[PDB]
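Encoded as structure tokens, the following chain is the form solved without the named molecule, with no partner shown.
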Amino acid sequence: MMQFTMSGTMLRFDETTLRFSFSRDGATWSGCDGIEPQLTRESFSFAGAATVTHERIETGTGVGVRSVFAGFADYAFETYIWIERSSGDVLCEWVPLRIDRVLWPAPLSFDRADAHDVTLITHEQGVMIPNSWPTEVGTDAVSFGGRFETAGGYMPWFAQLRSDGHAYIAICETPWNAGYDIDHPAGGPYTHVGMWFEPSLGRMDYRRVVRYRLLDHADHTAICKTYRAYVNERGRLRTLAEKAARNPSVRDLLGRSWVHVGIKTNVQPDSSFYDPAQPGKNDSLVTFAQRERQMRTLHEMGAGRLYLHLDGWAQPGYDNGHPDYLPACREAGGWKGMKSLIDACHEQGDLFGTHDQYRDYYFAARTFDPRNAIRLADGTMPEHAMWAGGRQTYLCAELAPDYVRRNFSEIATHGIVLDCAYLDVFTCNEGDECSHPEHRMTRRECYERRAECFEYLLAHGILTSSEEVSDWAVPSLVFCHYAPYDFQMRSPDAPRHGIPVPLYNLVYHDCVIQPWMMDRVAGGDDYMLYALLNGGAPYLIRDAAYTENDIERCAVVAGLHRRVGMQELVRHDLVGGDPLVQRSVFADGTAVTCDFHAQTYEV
């Protein structure tokens, strides 16, 4: 049993049982009784080590315990758990030495009850999940198994807050092969939240580091402010302002209303979406001519300022032939009708973006070669046929920019000036690992190659879009398809995982523009309230791949956007401790209040 006191915090670490605990400002947190730090293969505790060494350490930078673990059959690794002098933070390092996952640090005890002490997780826009919450919240119920750099982990942190206002945030400083793990039992007494780490390309390769910061007199607002600061203290908090200094078009997205509609549909036979009764469900076409007149009419009706995202615009048809997604669909009016539509949009003060796809790599593609595809760490090629274009694998992001550069050249060759562009999935799904000797790529590398893809667009004054908003992309992404809450991605019938809190826009409102769902759910929540509280852009039309007081509703949300769209969301609060009735405050003092009993808002 070692003990360390440094810079206002105290660390405790048990020599023999491995359970560690920290304290600062008189609040103690502790590893749960009965959860071992583990390794996995086809589960061994750390204590399972044939040899275990512990060395007390004082460096000029902090103090703590280094531990070596050999054994298990031959394998070895190391942990370093220390207090940083400058700040008071505790840092946990797992250190390869030479295995499927690593679950370490072991989760902190946050049992139990007391409806007001909450877990904050980062699964899409925030989820504030109180310890007494009725519904079960597990990792199986979280997108992509709770994996950072995805929809299941918008930001590489989680946090636990007590009624006391005594919190800890946990920041993953090595996210690219990592995620968090959540166990909140239905109505549970406790919520346990823990970090997990996977090998990169078959091997734990690089050290993995978690940074804990204990907070006192703490808000959920404040917990997000800590991360924001961490991010900027590392130069990855890219504002719209910074983006705007390079491409002022960023400013033209404020106040805009979103129209998402498409041109061609063409479900293939091998596709999961194919049924033989009937075709015509499998084939549909709306022409450029029709979308022209659509956009015409929306202006005439007073829709206002608009951005048109255009699905299915190329010849093979929506979700077909990627990356050979050329030419612009003939049967809808070829390059010409497309050219004419784009012209028309600009001609009435409206913006336009293409829908494109560079991860999904179809066999039906004109240029398909298995030589350009992903190979997993076991050297296999992944295959599915979930989507419209049928059989596919994934294109190694190592080759992604080649294809972005080639395609958008062709597009521009035909007098088409894209305002924006949407490269699909990049910002929602995980980075691939690629083991192909001819283009080896780690998950870290994959996000950089995706960002290189975005940056080519930015270089051509073409704004940037993708599915969702995983923070890796923050420096190269202008806007998204949405940054919704988890509950908006489930049937409104589904029991929810917690209180919706805008944890993300708390961190990035002033960095990435998001359109929002405008739906009303019968017998419940109007999704306009969430757009408001999140100071976002409104959807007017949202035609899915698989007007009626709308304009009047949009123009409310749009107007607030123009005022606030680039500003920091400084505060979000729950009016009088009640989960419904929430307030969010922006940089310029604007307070959007939203009553969830009354379905009302106040601007």
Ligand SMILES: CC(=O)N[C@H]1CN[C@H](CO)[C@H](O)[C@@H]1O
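Numbering starts at 1 and runs along the sequence shown.
- According to the entry, the deposited sequence places 4 to 9 unmodelled residues between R98 and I99.
- Unmodelled stretch separating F72 from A73: 1 to 3 residues (count of deposited-sequence residues without coordinates).
- Averaged over Cα atoms, the B-factor as recorded in the entry is higher for 126 to 134 than for the other of 449 to 457 and 126 to 134.
- If you average the C-alpha B-factors over 218 to 226 and over 422 to 430, the higher value belongs to 218 to 226.
- Comparing the listed residues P185, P327, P382, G152, the entry records the largest Cα B-factor for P185.
- The PDB entry assigns the greatest CA B-factor among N247, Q392, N177, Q514 to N247.
- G280: CA B factor in the highest third of modelled residues in this chain (values from the PDB entry).
- Annotation for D402: C-alpha temperature factor in the lowest third relative to the rest of the modelled chain, per the entry.
- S200: CA B factor in the lowest third of modelled residues in this chain (values from the PDB entry).
- Ranked against the other modelled residues of its chain, the C-alpha B-factor of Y274 as given in the entry falls in the highest third.
- In this PDB entry, the Cα temperature factor of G321 sits in the bottom third of its chain's modelled residues, the lowest group.
The form solved in complex with the named molecule is left out here; the points below concern that form.
- Of the candidates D324, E173, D419, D360, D360 is the one whose heavy atoms come within 4.5 Å of the named molecule in the bound PDB entry; the others do not.
- Only one of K243, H355, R208, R256 lies close to the named molecule in the bound PDB entry, with a heavy atom inside 4.5 Å, and it is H355.
- The named molecule in the bound PDB entry comes within 4.5 Å of no heavy atom belonging to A412.
- Proximity of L574 to the named molecule in the bound PDB entry falls outside the 4.5 Å heavy atom cutoff.
- The named molecule is not shown here, and in the bound PDB entry it never comes within 4.5 Å of any heavy atom of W516.
- With a 4.5 Å cutoff on heavy atoms, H192 does not count as touching the named molecule in the bound PDB entry; it lies far away.
- Per the 4.5 Å heavy atom criterion, the named molecule in the bound PDB entry is contacted by stretch 481 to 489, the sole one of 481 to 489, 194 to 202, 154 to 162, 130 to 138.
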